[PDB]
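By letter and in written order, the chains are A, B, C and D; residue numbering begins at 1 in each of them.
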Amino acid sequence: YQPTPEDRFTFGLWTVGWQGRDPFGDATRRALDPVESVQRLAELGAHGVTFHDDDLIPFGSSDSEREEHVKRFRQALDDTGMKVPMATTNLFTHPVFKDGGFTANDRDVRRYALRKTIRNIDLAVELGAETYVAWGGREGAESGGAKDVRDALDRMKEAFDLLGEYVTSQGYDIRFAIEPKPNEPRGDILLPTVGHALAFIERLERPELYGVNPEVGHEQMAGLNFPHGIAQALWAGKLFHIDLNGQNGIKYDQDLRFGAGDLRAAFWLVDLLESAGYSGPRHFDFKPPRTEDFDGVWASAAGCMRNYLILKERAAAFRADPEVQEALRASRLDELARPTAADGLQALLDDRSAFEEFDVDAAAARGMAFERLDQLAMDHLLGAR
Amino acid sequence: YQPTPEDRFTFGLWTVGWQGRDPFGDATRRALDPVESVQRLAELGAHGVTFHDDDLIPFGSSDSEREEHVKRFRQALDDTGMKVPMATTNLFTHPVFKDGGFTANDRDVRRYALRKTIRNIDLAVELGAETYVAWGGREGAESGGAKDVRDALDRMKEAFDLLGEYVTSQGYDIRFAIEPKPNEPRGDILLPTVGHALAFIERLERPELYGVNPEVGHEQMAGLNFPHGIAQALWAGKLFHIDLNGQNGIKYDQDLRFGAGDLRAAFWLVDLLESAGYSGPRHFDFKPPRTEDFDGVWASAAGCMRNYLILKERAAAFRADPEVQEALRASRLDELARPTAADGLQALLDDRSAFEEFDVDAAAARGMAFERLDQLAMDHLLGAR
Amino acid sequence: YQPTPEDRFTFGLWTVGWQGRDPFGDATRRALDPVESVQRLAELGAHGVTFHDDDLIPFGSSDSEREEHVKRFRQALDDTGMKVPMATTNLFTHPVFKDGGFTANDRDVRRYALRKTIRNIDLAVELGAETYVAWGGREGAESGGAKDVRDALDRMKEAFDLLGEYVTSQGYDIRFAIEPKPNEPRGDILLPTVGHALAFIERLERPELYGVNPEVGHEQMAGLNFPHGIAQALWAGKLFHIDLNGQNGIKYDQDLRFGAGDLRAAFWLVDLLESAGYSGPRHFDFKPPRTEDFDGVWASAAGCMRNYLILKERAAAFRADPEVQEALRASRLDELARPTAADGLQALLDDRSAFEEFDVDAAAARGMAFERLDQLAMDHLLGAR
Amino acid sequence: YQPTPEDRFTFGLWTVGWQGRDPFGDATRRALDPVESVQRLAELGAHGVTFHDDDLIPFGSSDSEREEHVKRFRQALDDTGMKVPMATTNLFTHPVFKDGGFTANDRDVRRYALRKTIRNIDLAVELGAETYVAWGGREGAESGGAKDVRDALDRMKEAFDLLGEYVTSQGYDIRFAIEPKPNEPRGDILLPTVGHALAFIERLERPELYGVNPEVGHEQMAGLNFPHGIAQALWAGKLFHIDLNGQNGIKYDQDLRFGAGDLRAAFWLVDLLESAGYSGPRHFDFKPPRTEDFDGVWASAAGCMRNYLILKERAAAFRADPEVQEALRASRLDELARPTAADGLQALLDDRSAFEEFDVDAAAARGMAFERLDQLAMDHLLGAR
């Protein structure tokens, strides 16, 4: 289970660089240099990294420090062969974003958020990123009178429409991916699920510029089936990027390594990405627990990749198994994939076997044989075949 | 706080007619006649009722019993002046729908579901209904291999496209409203939130035929902010109908009367429907607890209407209050409603006050004054002004 | 992975006998005869069965039908060698229990509940049961004024104290196990977790007669760590019996087969029962999904036992693995098991290395190496060692 | 609705002193001096304050700075007449506590935690505190192999037994209150609910020294009924102190001001504390949102007290209302408070009206009239009587 840079494994700077500050505790780990992380992640088998603006260039940097940071960074990528497939803006840490970036009630703030975002889009394009993610972690409210959601969705649409105008006036090949989250650190966050972010995109002036960046633990914080939401994003053609991690149910966002948390969901997610042939980065947006030293950091980033690769092999052996393929026909998966009425409306309406002479008791009596199927999936995931 | 039939209050037959069967218990109440419920609901001040096919006509009825039921029903509406604004199909109770209706793996089942739905659309139109709701409570799965969600979303789109072809070939004025629910009675239900149902609609052949029917307690079963989801539905123009009830957090669907459950959410929902000017039915989809006799039933349906009308008055007094209007300007709600950059992209880009000379420390220092605002809302809801 | 009747696998009659009625659907399966279930469960390898009164003898039975049912039953146990380790009362289905059994506001109801319970205790003892479970599924409320919880806990204590007086005046060897559940079918259920049921027991007149019956999916409906709650029950000496099943997070109680749901929790539960040497029944309180026919029923009851036995083997190989034992010392599990201050208070107070000369920076710097440990557990569960 | 220092309103230093650092954001507010907070809280009507060791004396302080801090503090209490009813240890912020304090796997850490706690017990007693709270926010785990819960509960019992030995060897009048929390900042926290903390206390050597400190939002993070858990703590005699705040359902701990969150729960909690006659501090453990400046801080701490006092008046008018008292008899609350069988076991057993001649159909038919009751409670909370 050794990754190679063909597995398309990526990591944010902020992930292995998390110092372990939490709502109740001080950092437990020193700040990593981005160049160290690039070299360490390359040795483990990763294929590239991603960044916020403010991961790479310290907030308030001059234009001469700005360039020094970027040049160092760039030398590390050239030295290791790592890519930068995705980049993003920090519109959540600084106190100025305490009411949001693109939806902050103060108009001057919303203009400043767009200017900070456009400056980093130019950087991203310079460093080769194909996808530009937007996670509006500060867009929301703790109380009902603080935010008119209609106005806020006008502002959000306005900001994303300007960014699409900017990208298409520069000639950039870059797409946008909106990342939903239902809460945390706002009481409630706007566009809180994949379905809200898909819907929203269909109102933008150029919807084809925008897809979604769903993260495992964000839909699971709403108690939702992550594989189900990713199947919808795939069905809409809008799975532009994906964040992988683990989460134990509806509580704070834990950001555990990928394969911790809900292990059977992780199996069914891998099964789906691989059989749909998703070809983007497999990006890990996780935090090594603050119990760990830098050894535990690199163990935890390794086990992300390892659990992906074990669950790919188990999903591949599940679908390849003739007994599974027989059970899938027993459960009528083959029939699900056929049109209901490709004969058309009229034929349907004149078809006496569809109503007047349908035997609803004989149909009701047929067993779906799902439990046998699911125990086959269980025996495959567990290697107990 | 007396309703009148101008308040537009409606109730399903199944709501006050719930006999109190639950996963662990037998009915506690005898079956009501639909004509009794119409007469009792009329006396309480309601403006109409809604029905499943199988509420009104017993599953398997001949065509001579079918008509007898409808004629009785119709005489009660003529006698009381109640309307039927909304109608819907039962594609969940019968054992034939145990794997779904429009997404059942068996193709014969999916054809039978569409035929049962079209027969009731003709009825609905006969009885004056404007909105036809679809709650696919059986569309989903308990295990990951049982349902391919891509195929299932093809089937669901196929069924809704046929229904739109049928309605527009009959000349019917009727629209469809999809009602999302995240789980229960399936493990996971397809289109589990308002945002998933909005997104889905944008893929149908005629999207303008379809909106959403959101229900209070369904988004709250995912831990989501119901007023936020309804603001999005309003922003998309797709709030066709609404189900009102209460729910205490993330657990089984309780269907408590409206104003029980999350009382401050109920306040902010009323505030929003009334200030957006939603003009559909205020429909109560609730179950009187099985602790109650028929006296407790009619008390519980009354208290729905009463709590709506109290919370309308409190929301109206909140928005009318000059001190509230001052606080809303203190918190910059007025600025949220202004465009971020109606000056356009270029101007934004050349505006030095938006970046190069933006004072981010002075902006960060400004307080949003949300807590004062929210305590004003609290004092108004509580009558402690 | 073949059970034998030495594995101590048991099943309720109500589990494989669930007809598939749910809040929204009719039965999908015919009623099983208890004698059939005994013979089928014996062939699969089970070691015994459990029952409600009203599983075995139809509510309202004469005393001549009562005995006929029991005699049939008994002949099936003699024919198969199945035991009856546990028995329990139905104080939830009948409408008379709509406000509870032992805590129903009506005093006549609470007297009737105790009389129905004592009659079945005599039966249980006749059929050899060692443990008598009490799940008060109707003890609770949907609204705050309906139940005074202090009075209700007086009534509950009163009922359990009478039952202990009855058992000890008959000379019976039988113990009681209280089964907690946080909600469903009441809004909120009294003693909603293992910790509330442990606490409660410490107020009964004879606490040594009472332990707990925790069920997987009940603590998981509160988002709680089931292995953690069972470790507490073990630490208190009060794990009298255990209900095993699966549950996908905080929602309705699904009762999935054991190993579905939260698979890593299932691993850590098996690890704990086996290394603590729990010696009671491994009882499966689950419902085969209503998608299934009787073939899917027996598949689902088989896969309970199979997943137990796979997860026992994986836990045994985890703890036996020298590299695991090394990692457990790396993470200082060995130190957790040592007293903090067996030197006593005074010595602690005079120990300068415990405060005045404790180097808190060197201690803070030590990594706990938990992630390496947890990936070892992952590789063992997955057979990817 | 003006507090006075007779209302017994208290606040932690850390509450109004929260600088607004969150998992994703920097402080938004400067650090308050404890003496300023004492003077500001006194003007608002509060009756005292509480503290962690490290709120009042900066971690690592000399013994000459230590005393300077305490003397300043003390002068502010003498100047304002504020009390210090409760004090507590910080065993969560420093990196040394990253695996816990009393349950940390490292034995040297667990000795250091006890020494830091005992030093602050002496301080507390000096400043008049009656209650000493222990919130073990770091006692738990993110993964199953990291913590053996049995060993950890031995360590926890050992630490609390030493603290009780210390207090009773010094002659101190001080009691301990354990505060449960189910998660955050650990994956899972040990003793995660009131019921687990009650149970645990019954194993300590001197249980009468220990009660519970429950907090609103902590039980609500498990989806539990906070008034129900406090009724149990009251029934056990172990409600030593209480933390008041608001929380919107199962998610991160929001710490909203008291009366935000679940407003009907807040009503029923006030009803219960007041009618049980709880006489401890009404302590607010809340965080003013980081959207606020210091004006919004003092608004938010004011609205805590105000919403308590409004909900006390509404609960008092509910219980005083003859129509309510009539409804409570209609719903048989009076009967709940009577013994079930004060006639004893034998009489119960010979009572033919309790079984052989009980009419279970007539009892089942009686309505509980809970919905009428609950709408009366609604009309009272809303002032719509």
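Simple rule for what comes next: a residue touches a chain if its C-beta (ideal position, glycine included) is under 8 Å from a C-beta of that chain, and two chains touch if they have at least 3 such contacts.
Chain labels with UniProt names: A, B, C, D = Xylose isomerase.
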Using residue numbers, check each pair in B-D, B-C or C-D against A-D and return the one sharing over half of the contact pairs. B-C
Where the centres are mean C-alpha positions, what is the separation of subunit A from subunit B, in Å? 29
With centres defined as the mean C-alpha position, give me the subunit A-subunit C separation in Å. 37
For subunit A, what residues touch not just one other chain but two or more? 28, 94-95, 98-99, 142-143, 146, 183, 187-188, 221, 223, 250-251, 260, 264, 289, 291, 364-366, 368, 370-371, 374
So that we know how the chains sit together, what is the shape of their touch graph: line, ring, star, complete or other? complete
Can you identify all of the chain pairs that touch? A-B, A-C, A-D, B-C, B-D, C-D
Using the touch definition up top, name the residues of subunit C that touch subunit A in the complex. 1, 28, 220, 223, 249-251, 257, 259-260, 262-264, 288-289, 291-296, 299-300, 302-303, 306-307, 310, 314, 364-372, 374-375, 378-379, 381-384
Subunit C residues within the subunit B interface of the complex: 20-28, 92-95, 97-99, 137-138, 142-143, 146, 183-185, 187-188, 221, 248, 250-254, 256, 260, 289-291
Write out the stretch or stretches of subunit C touching subunit D in their complex. 94-96, 98-99, 102-103, 105-112, 114-116, 118-119, 141-155, 158-159, 162, 165-166, 169, 182-183, 187-188, 190-200, 202-203, 221-225, 227-229, 231-232, 234-236, 250, 264-265, 267-268, 271, 276, 318, 324, 327-328, 331-333, 335-341, 345, 348-349, 351, 353-355, 358, 360-361, 363-366, 368, 370-371, 373-374, 376-377
